[PDB]
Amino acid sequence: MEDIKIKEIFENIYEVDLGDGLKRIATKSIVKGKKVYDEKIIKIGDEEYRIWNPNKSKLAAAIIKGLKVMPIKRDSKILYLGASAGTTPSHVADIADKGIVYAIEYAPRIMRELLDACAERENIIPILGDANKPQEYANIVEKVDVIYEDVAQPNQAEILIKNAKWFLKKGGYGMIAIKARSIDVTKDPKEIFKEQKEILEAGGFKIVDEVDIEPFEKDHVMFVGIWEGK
């Protein structure tokens, strides 16, 4: 065997080095004994490190591909926008174990799967809603430190901006995974991302990180921006 090293990176996220030259990361499970999506687990005593698969989570893909700005901390309040069976939300909940994760889902069937997958992760607050209409859940969602968005729609940038106006603290962060083809099927991906970046900046964000998440996702880029208001 080779030496093994698990060290904390960012805050409450862990780099896993099995000595085989492959990059791996994990989160500390807040629900021991449960596998959310058949992820591999490294159990040390009572602590369980859930291997965070970049092939199944765009956030893990961004970290594996070089993300340097990771605003989600242990006491962070996060607004999660986007269809999910529970994969990324489960890991985000592990990270923000002293915080809250508001998960917005429109389809009851999607929420059904999310509730089953993230069962017992009590810091996740499910909210049936439409991200394009944040005013509807504004009496539920308190001001957040981070908005994480994974919505493959042409108006995804506009959605992040409106939700930021309603819920993001000044100085807070917006993380958005953008699928180029969900915006335009003709333009070159390079140009699409340039235009989307401009839209986010015009909306009030100062872009501080940008990660191409290939080969885990084709023509998808994770943008991270600090919210400065208007």
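Throughout, we count residues from 1 along the sequence that is shown.
Mean C-alpha B-factor comparison - 75-83 and 111-119, higher one: It is 111-119.
Residue stretch of maximal mean CA temperature factor, 120-128 vs 149-157: The entry gives the higher C-alpha B-factor average to 120-128.
Selection from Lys58, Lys179, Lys32, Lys68 [criterion: highest C-alpha temperature factor in the record]: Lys32 has the highest C-alpha B-factor of those listed.
For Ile140, the third of its chain into which the C-alpha B factor falls: Within its chain, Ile140 is a highest-third residue by C-alpha B-factor, going by the deposited values.
Among modelled residues of the same chain, the CA temperature factor third for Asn53: Its C-alpha B-factor, which the entry lists for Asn53, ranks in the middle third among residues of this chain.
Entry-reported Cα temperature factor of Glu217, expressed as the chain third it lands in: Within its chain, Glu217 is a highest-third residue by C-alpha B-factor, going by the deposited values.
Position of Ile207 among the chain's modelled residues by C-alpha B-factor, lowest, middle or highest third: Tercile = middle for this residue's CA B-factor.
Position of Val185 among the chain's modelled residues by C-alpha B-factor, lowest, middle or highest third: Answer is highest: the recorded C-alpha B-factor places it there.
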